[PDB]
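Chains as they are written, first to last, in the UniProt record's numbering: chain A, 5 to 46, 51 to 80, 83 to 165, 193 to 309, 317 to 337, 374 to 451; chain B, 3 to 24, 36 to 153; chain C, 161 to 190, 193 to 219, 229 to 303, 320 to 391; chain D, 124 to 176, 179 to 285, 293 to 307, 314 to 366; chain E, 153 to 331, 339 to 364; chain F, 131 to 156, 166 to 266, 277 to 320; chain G, 2 to 242; chain H, 2 to 32, 35 to 123, 136 to 238. Note that beta-carbon positions come from the ideal geometry of N, C-alpha and C, so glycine has one too.
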């Protein structure tokens, strides 16, 4: 009861039309030749007619008419490829949610999966419960391997919401689509059952608030230099300040010197021109909220963040609970610091943007993210 | 199983309403009637009996063909262990070949540092020179 | 009054076939072409009686379509019932696996407590009871000195180190042993003839 | 005001104008962290540096002075590219004649980073080895006779008779890149040698359980065995 | 200031010679916890920081790579460092190594140097496993290949045959040949990583 | 309730026709009863078809209800299988099972070490030897001693060579 | 949930006269009470323009509904620049009638009152000081929530909200010292010291004492159907020139 | 597999179809039509709930419940048979060798799987025990040979380092003459060094530089 690629599920044609209207002509022509070399139906002489239509400059409704009414849904494989190409094309409308992969003692486990033998084992373990279909591809721009799992049910076979799981190449952190049904738990548990093959793996979730794109969540939690720095420490995750030891020593930072503004340590901010000082103040805000140099949008836009600052004065426990919201939180705080509404010498580390897209209690000045 | 089918069959015959409405000219009918209504419940009781033996053996041989896809024998495991034994014998063979190459290098070194002679005389000369050097050093 | 005519025509065809099934044995009195040509007479008698019944008389409720819907419902019922039996078998297998894992964990915990309790009774007084900062300074002095200890042979669960069969499985170890013995004897003869331990000892 | 900090400046003016997360530009404090903390007992001193027209030659010599009695020196000579900075050539001018065969197979990797790190970790490992062995001298000179052997790689104790040899061999890499140590023991009860596998298991257990400095003292306590 | 420039040049070139070792410590202050005393005007740093600079020297291109930074901050109530920030990627368990060193509490500078040495050996073995396969690709003994980020799972071609390796720390632990005779060629290459170069020419002679 | 009225009308018409055929019946006599059997079969099968339509309707409603019950039990079994598999996976990869595993390993190591120590202290005083080399280490020491003897740079011939030239240098 | 709404009054008006015209116009029996309240009963005031006059003017409808019962709390002082103001709850349609009467009988200029940020801080500062009959001031503590809503580029930061629970509020005010102004001398300097966010410059939207009130920039929502003397004193003190 | 449909098809097309067609009106082979139609009318009259199309669905469900209750005992007894080393207890590579097509052969995982298989038709049991003993001996000899190979590789590394060092320091291709005449270069060295001690015994006649000469000798012969 595992489904092959030639099986045709039941689906309305207007939703496949609205899916196909979101693609350019060249990927439609490539999908046409790929499905005709793979499946075919109604060798290369028929494909020579489509070569003139792209060369002439014809409308997209005609070519989606041509691809929808010579395969007259198409099947499960072409639907999976259409939806995956829509994922590649417009990536800022999905929503990913990370989950670390521990094992045994508690040490994390790098996945290192093979995209051929994993799909057979996952489809076999999922076929014992439902009617599954698993289609894995590799992202062209990023080094991830986005799996797409779609479960069917019987009243042909109706289609549920597809469930994506994006494995990075060498990280224990596996992203997946945000879903709280029983099908999300089934697919995630079957993935954690058939990725191991040697010793058992558990998928504990590392974050609760989902992140928007797949470039953003790969910058935050995938294998990258920005996985931990992410804030005012972003000058270390790109090496802006130091050259190689074999480099010239005339153009050294410690020989030319940098231009810095004398800080004020007396509280003379709450009681309140020379555009060198204005440029250095704007550069100081840019240094604090970013690396060293639009103009407010951070490296990763973060939507929802809420801290819990737990200080300790004269044997009391004084909690405050900040809770931010927006489209890009730390760019907005940069803008408020730029209108001279917030003192920049008193903005702490966790507010400037470090440990980005995380939220948790701050005891003794040490951040510790929520479980 | 059969105790339900026998009730369903013998509760639906001419043995349910004819024993209530029951000289000899009307007696030869309903005697031969229920006797020929006993021929149907004989050949069909053998039909419902033979069906469940056909049904349960088709279910038992299915269940025995499902457990042996999760259990192992002592013949395929022995063949797999023979294959693994051949693999480890090949690994030990190439390891022994590498050991043979390294001890051939040792044998090539072994005759390079030999000196077949009677060098205890020069050893005694070195001991006498050591005694003379100790005499020249301690008396200074 | 047309669906009733269709049902009566279907029942007429069925009853004509059922009457011909007895006429196949009731035609031995009168011959074989006197029944296949006389069947059209009695079939026209039912075709004229249905014609008179058509003038003696309405939803489109057919027997065959609703019987097909019954067969479809029964087939889907049997499919979902078989799926429930398969999921019952899967749940029974996973429950047995969970019980085996839990009894393994409880048995190993009980065996750990029993072995720790009997370890007190036995004699471990001088070299082991000085600790029983112990196994955590070895990792410091092993990632500090890059220590490679003589790694013992892996656990075999009472299959002892048969050195005869291991030595017979590698026939080059004996040749390496005797070659190393001749090499050590050659180097010892060269060292003792040079008096390396003699003149370096009296000098200092 | 607006100041321009430089490489040589006092720490207070550096800390007044500090709003970035960059390293401190004070070169004396940075050289102090590079010299006293991360690489102690090492005397690096650049001897000369010239240039051509586009490359920059650099002669620097090191003196690994962790052993104050007889430290070994080395002297390098490197050739830059000085923009799109690669390393063209590097050659060794003089080696003090102590590590010369040990740094013979090591110094043919054509990787100066591995040779520098391997020489520093080798002298650190040799200092730890002679410290552990001298600690075993100082706690056994009154009960046993204890003389060293080979160069320093195997301490030998003897009592009553019974002998015990504690090997400590440092193997330089060649045909990982850091030098590794090997500890093995061997007993003699007067007559003949014991089983090497049982002694290896006892040594592995007593070092895996206790340590290296306190682990071998337990091995000498078992090889005594007059009391327990 | 014309002799102070020469003194600064000597200090900078001595810093570069020390940075050639690979593992270096550099001073840090966090700009949040710089506090004034208000009795003398002098500025003291509240929580001390110490950063580690791990910069592996490549050999195939003969130039230093992008440096990896690890920054430790001193805990305010324990006097022991904790792993504040690090730019070491996620396939190296840096917090696991920092909890493994000295039990979990790092006090002295050599206790941090052991941690730096462990993460540096992992970075060097990743660089070496990438460089060996890239130098195999440069000599046309293997065809166009794909690598992982740590190059622990490669799939290169031979003249006809496709070979898949799962390679551990400078030794091959799992070979895979796909296209009785295949098993001998699979356990042939199952060895070290330079012996793989010795073996892939042993079949194409 | 048009089915009951159609049953009554068809039964009355076919019963009048069958009574007429029976009165006509009482090819000498074997011709008339064929139409009688045909009319009886038509009446019986028509009332059977109407009863079958009613019974099939109520049976299909009951079967749809029981199929809904079986689909509910299918969802129940799905949730039960998923929860049991989750507890199985959180049992084998838990801290307690791994902790008792390492405690068993440490107890086995301590037992084997103390057994070997007791046998060693036994063969010292109360109540082994070597005859083959299966794992030996007494060879690399002699080779290291020979290499440090015959070193052409430091050696022992060159340590004297840096003394006799240094003896005439003090003259 | 009695959303008060504030206006201003240009001339100090006594309502002993004209209330007969209001009873003529609305055919009801509206009531007054002439209170001479006194804010800051602590003796460190000097008694220099300290007494206020409060005209609570209820529309005497029964309490069968809550929107039909709409108070009109006046307050005034004949020593300031803007002498009076008025605040009214409810959504009854006689409110426009009595505002029209107050315009067309006395000839006064009314304007709606919008609060600043420090006025909202001083309003949450005085909406917790409970009154006692033993001429001493006590403080109840509430879990406040300062709700912000800025206008950034691209709507980067939409809305954020500091929230302080009750016990930490009490601990902050006791750690500052003996005062009757917690939110202006303990809480807001603490938030500025620990987060850097100057609250009197950030765009405050609604200070929400949990359960008790909900101050806004134009209105005030209150749990009970009356306002204290210190809240109205702060409101009248804020709109001066 | 699909036993309910077979039960219901048996009930419909073998039990009711035979008790309705010729079991009621075709009983006149031993017989007029009026009495047969009277008895058939009485039979179909006083029976019209047992052979319905909705009661036999309930009877089919009851027969399925009986056969499912009998299948439950057979399924819970078919797992408690002679097990004979089942799955989920062997290693990964062992149960991949069972199913065939491993596609990736390893030696470390095979060793960790062979050293994990349990111990114990009786001749097959003895054959499996002998094979387990043989494979465990293969893994033991593999580890011993790997350790001895690493030791002999380090040994040849030091030997080749010595030979390369003497070939570079000599540059004359006289390695065999170097070891044989090493005694000859040492007997002329200590004999010539005794002439330097004779020239430093009673020629300098010092007492303060003698300590410096002794320190230089004892620090050049040892450091």
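Next item on the list: Could you check how far apart the C-beta atoms of residue 11/G and residue 110/G are, in whole angstroms? I think they sit under 8 Å.
Entry: Residue 11/G to residue 110/G, Cβ: 4 Å. Contact.
Margin query: Let's test the definition: count the other Cβ atoms within 10 Å of the Cβ of residue 225/A and tell me whether it reaches 16, buried, or not, exposed.
Written below: Classification of residue 225/A: buried, given that the 10 Å Cβ count is 16 or more.
Item checked: C-beta contact flag for residue 33/A and residue 155/G at 9 Å -> With contacts defined by Cβ atoms closer than 9 Å, residue 33/A and residue 155/G do not form a contacting pair.
Next item on the list: With a threshold of 16 other CB atoms inside 10 Å of the CB of residue 193/E, please say whether the residue is buried or exposed.
Entry: Exposed is the call here.
Checklist line | Limits of the unbroken alpha helix (DSSP H) element including residue 97/A | finding: Its alpha helix (DSSP H) spans residues 86 to 99.
Margin query: Using C-beta distances below 6 Å, list every residue in its chain close to residue 187/G, excluding the 5 sequence neighbours before and after it, in chain order.
Written below: Short of 6 Å from the beta carbon of residue 187/G, and not among the five residues preceding or following it, lie these beta carbons of its own chain, in chain order: 173, 174, 177.
Next item on the list: Could you tell me the distance, in whole angstroms, from the CA atom of residue 215/C to the CA atom of residue 137/F?
Entry: Answer to the nearest angstrom: the Cα atoms are 14 Å apart.
Checklist line | Three CB pairs or more closer than 8 Å across the region 265 to 285 of chain A and the region 338 to 356 of chain D | finding: Taking 8 Å as the limit for Cβ pairs, the verdict is that the region 338 to 356 of chain D does not touch the region 265 to 285 of chain A.
Checklist line | Positions along the region 133 to 155 of chain D whose CB lies within less than 8 Å of some CB in chain I | finding: The chain inventory of the structure shown lacks chain I, comprising the protein chains A, B, C, D, E, F, G and H.
Checklist line | Of the listed residues 219/C, 365/C, 333/C, 180/C, nearest to residue 135/F (C-alpha basis) | finding: Closest option to residue 135/F, Cα to Cα, is 219/C.
Check: What's the call for residue 35/H, buried or exposed, on a 16-neighbour Cβ count within 10 Å?
Finding: Burial call: exposed.
Margin query: What does the Cβ neighbour count give for residue 382/C, buried or exposed, with the cut at 16 atoms within 10 Å?
Written below: A residue is called buried once 16 or more other Cβ atoms fall within 10 Å of its Cβ, and residue 382/C is buried on that count.
Next item on the list: Check the C-beta distance from residue 150/H over to residue 98/B and give it rounded, since I have them as a contact under 8 Å.
Entry: The pair is a contact, with the Cβ atoms about 6 Å apart (cut-off 8 Å).
Note to self: Mapping the DSSP letters down to three states, classify residue 70/G as helix, strand or coil.
What the structure shows: Three-state DSSP puts residue 70/G in coil, outside helix and strand.
Next item on the list: Tell me, please, which residues DSSP counts as bridged to residue 404/A.
Entry: Looking at the DSSP output, residue 404/A sits in a beta bridge with 385/A.
Note to self: Just to confirm the assignment, what range does the beta strand (DSSP E) spanning residue 82/G have?
What the structure shows: Taken as a continuous stretch (DSSP letters only), residue 82/G belongs to no beta strand (DSSP E), as it is neither H nor E.
Check: For the putative contact between residue 248/D and residue 192/D, defined by C-beta atoms under 8 Å, what is the C-beta separation to the nearest angstrom?
Finding: That pair is a contact at about 7 Å.
Next item on the list: Spell out whether any CB of chain D is found under 9 Å from the CB atom of residue 375/C.
Entry: Using beta-carbon distances, residue 375/C does not count as an interface residue toward chain D, since no partner is under 9 Å.
Item checked: Same chain, Cβ closer than 6 Å to residue 4/G, five either side skipped, listed in chain order -> Cβ within range, chain order: 220, 222.
Check: What does residue 250/D touch in chain C if you count any residue whose Cβ is under 8 Å from its own?
Finding: Neighbours of residue 250/D on chain C, chain order: 332, 333.
Check: Do the CB positions of residue 207/E and residue 219/E come within less than 9 Å of each other?
Finding: When the beta-carbon positions are compared, residue 207/E and residue 219/E come within less than 9 Å of each other.
Note to self: Does residue 306/A come out as helix, strand or coil in the three-state DSSP assignment?
What the structure shows: It is coil, neither helix nor strand.
Notebook entry, point to check: Within the 9 Å Cβ cut-off, does residue 123/A reach chain F?
Noted result: No, because no Cβ of chain F sits closer than 9 Å to the Cβ of residue 123/A.
Next item on the list: Specify the secondary structure class of residue 116/H as computed by DSSP and reduced to three states.
Entry: Helix at residue 116/H.
Checklist line | Residues near residue 173/D in its chain [Cβ-Cβ closer than 7 Å; skip 5 each side] | finding: Taken in chain order, the residues that qualify are 182.
Notebook entry, point to check: Quick one: is residue 350/C near chain B, going by C-beta distance under 9 Å?
Noted result: No, residue 350/C does not count as interfacial toward chain B.
Item checked: Chain-ordered neighbours of residue 303/D on chain H, where CB pairs are closer than 7 Å -> Here the neighbours are 169.
Notebook entry, point to check: Cα-Cα, which of 297/A, 41/A, 436/A is closest to residue 255/A?
Noted result: Answer by Cα proximity: 436/A.
Item checked: chain B within 9 Å of residue 346/E, Cβ atoms only -> Yes, residue 346/E counts as interfacial toward chain B.
Margin query: Please return the same chain residues whose Cβ sits closer than 6 Å to the Cβ of residue 239/A, not counting the five positions on each side in sequence.
Written below: Setting aside the 5 residues that flank it on each side, residue 239/A is surrounded in the same chain by 112, each with a C-beta closer than 6 Å to its C-beta; the list follows chain order.
Notebook entry, point to check: Using the rule of at least 16 other Cβ atoms within 10 Å of the residue's Cβ for burial, across every protein chain shown, is residue 39/A buried or exposed?
Noted result: By the neighbour-count rule (16 or more Cβ atoms within 10 Å), residue 39/A is buried.
Check: Is the region 13 to 22 of chain B touching the region 268 to 283 of chain A in the sense that three or more CB pairs, one from each, lie closer than 8 Å?
Finding: By the Cβ rule, the region 268 to 283 of chain A does not count as touching the region 13 to 22 of chain B, because fewer than three pairs are nearer than 8 Å.
Item checked: DSSP state of residue 442/A mapped onto helix, strand, coil -> The answer is strand: DSSP assigns residue 442/A an E or B state.
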